[PDB]
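This document starts with one chain, in the form deposited in one PDB entry, laid out as structure tokens.
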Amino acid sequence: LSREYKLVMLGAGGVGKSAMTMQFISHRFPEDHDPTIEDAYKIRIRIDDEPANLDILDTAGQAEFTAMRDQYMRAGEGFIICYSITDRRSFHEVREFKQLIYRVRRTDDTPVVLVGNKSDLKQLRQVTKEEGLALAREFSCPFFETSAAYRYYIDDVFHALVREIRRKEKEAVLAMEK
């Protein structure tokens, strides 16, 4: 499919990675989505009047390693690190996923978007929005609070990540010209 952008959904179990993915690609909030299913999904979109083919890996399962995860961790061009605003532990695990990316890629410069999901569960919030914003400033990455239940800011997440990949790519082309 022309030039695909491989994207990887990272996050603890139960933060809503599958819900956000299904909402992005099909506008459907899943009913009883099996939390053990890991799979990749294709979708074509337009950011800034330019189309892009996306290939998004929705990570899951209790196995330590899979052929799919191994390939996408190495070849992925962008990462969506997700936590739930109702689960502070999943918010701390975000830092562990950032470490995992460096251990695989041996770099910190891979495009990343940080997302706090389940924003609609306002009364169960365990992590403030300012804490996410501050952590994203630590990572030098965009931040969003989303609701996969009602599709709040789901498009903005994947658009921002593709924007980052494009900007980083155009920088390498300009550096190669000099």
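So that there is no doubt, residue numbering starts at 1 and follows the sequence shown. Between two forms, the rigid core is defined as the largest C-alpha subset superposing within 1.5 Å.
The form deposited with a partner chain bound is left out here; the points below concern that form.
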### in the entry with it bound, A134 touching the partner chain (heavy atom, 4.5 Å)
no
### Query
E145 near the partner chain in the entry with it bound, any heavy atom under 4.5 Å?
no
### Message
Whether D39 contacts the partner chain in the entry with it bound should be assessed with a 4.5 Å heavy atom distance threshold; does it?
### Response
yes
### Query
How about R89: is it within 4.5 Å of the partner chain in the entry with it bound, going by heavy atoms?
no
### Task
State the residue from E64, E130, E138, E50 whose non-hydrogen atoms include one within 4.5 Å of the partner chain in the entry with it bound.
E64
### Query
Of the residues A149, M68, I45, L121, which one places a heavy atom within 4.5 Å of the partner chain in the entry with it bound?
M68
### Query
So which residue among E64, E130, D34, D70 shifts its CA at least 2 Å between the shown form and the other one once the core is superposed?
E64
